[PDB]
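For reference, the chain that follows is the form deposited in one PDB entry, supplied as structure tokens.
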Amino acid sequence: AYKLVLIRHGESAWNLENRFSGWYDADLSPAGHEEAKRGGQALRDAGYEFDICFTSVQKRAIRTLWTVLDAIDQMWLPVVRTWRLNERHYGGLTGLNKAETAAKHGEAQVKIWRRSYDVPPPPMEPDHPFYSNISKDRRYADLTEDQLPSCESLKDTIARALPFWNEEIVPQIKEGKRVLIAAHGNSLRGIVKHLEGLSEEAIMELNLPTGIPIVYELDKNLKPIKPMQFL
């Protein structure tokens, strides 16, 4: 029955500095752009077609989608952007590199934050160097005070992604529309967890490849009939 394709964007400008990006609107790096080109070419070679695309409000996912649509000659497709598909919000860690994070927060907290499904990093406070840049960005002006995160656990990220999946994407799939979702590793983890009924342990061990189309075949109940395949 249904065919669904996911793609995770590749490397960003702040990956080049080993800095936590989260909601900071870092562009794709040159390598990340190349990855998006390769994924688009793989979809082209296999003859994939879509009817609607979903992405975040972060340019590294948007640019990945743009690159894929260019490659498959489907630049005319409707595109829907939502903050709900944004990368996980890395709170006060935003902008820090690994050494600054270890020095400021210590080895024990970092290990907990890294391995935990439901413990968030510290909040991004108003004196944070990127607070004005992110929390006062006008693209989030329509979020409620409670919807705008100061930080997110993976559980938090999944919890604000799945309402968009249920309310906006699932109805498209059930109408037979061929959906492409270009987003971020942690927002895509929420969709995979829901589709496959994966455990918290399993989803935290799932590292979706970047720039590689992830293909699902779904039955009438949107249940996968086979494991995810990589193009």
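Heads up: residue numbers just count along the shown sequence, starting at 1. We call the rigid core whatever largest set of C-alpha positions still superposes within 1.5 Å between the two forms.
48-56 and 168-176 differ in mean CA B-factor, and the higher of the two is recorded for 168-176.
Mean CA temperature factor is higher for 118-126 when stretches 70-78 and 118-126 are set side by side in the entry.
Each of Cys151, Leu85, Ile158, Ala102 has a CA temperature factor in the record; the biggest one is found at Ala102.
In the deposited entry, the Cα temperature factor of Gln41 places it in the highest third of its chain's modelled residues. Among the modelled residues of the chain, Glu35 sits in the middle third by CA temperature factor in this PDB entry. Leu218: CA B factor lies in the highest third for its chain, per the PDB record. Ranked against the other modelled residues of its chain, the C-alpha B-factor of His89 as given in the entry falls in the lowest third. In the deposited entry, the Cα temperature factor of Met204 places it in the middle third of its chain's modelled residues.
Only in words, not in the display: the form deposited in another entry, which the text now covers.
Only one entry in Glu107, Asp142, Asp118, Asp73 has its C-alpha moved by 2 angstroms or more between this form and the one not shown when the rigid core is superposed, and that entry is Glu107. Relative to this form, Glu107 and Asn207 approach one another in the other entry, with their C-alpha atoms ending up at least 3 Å closer.
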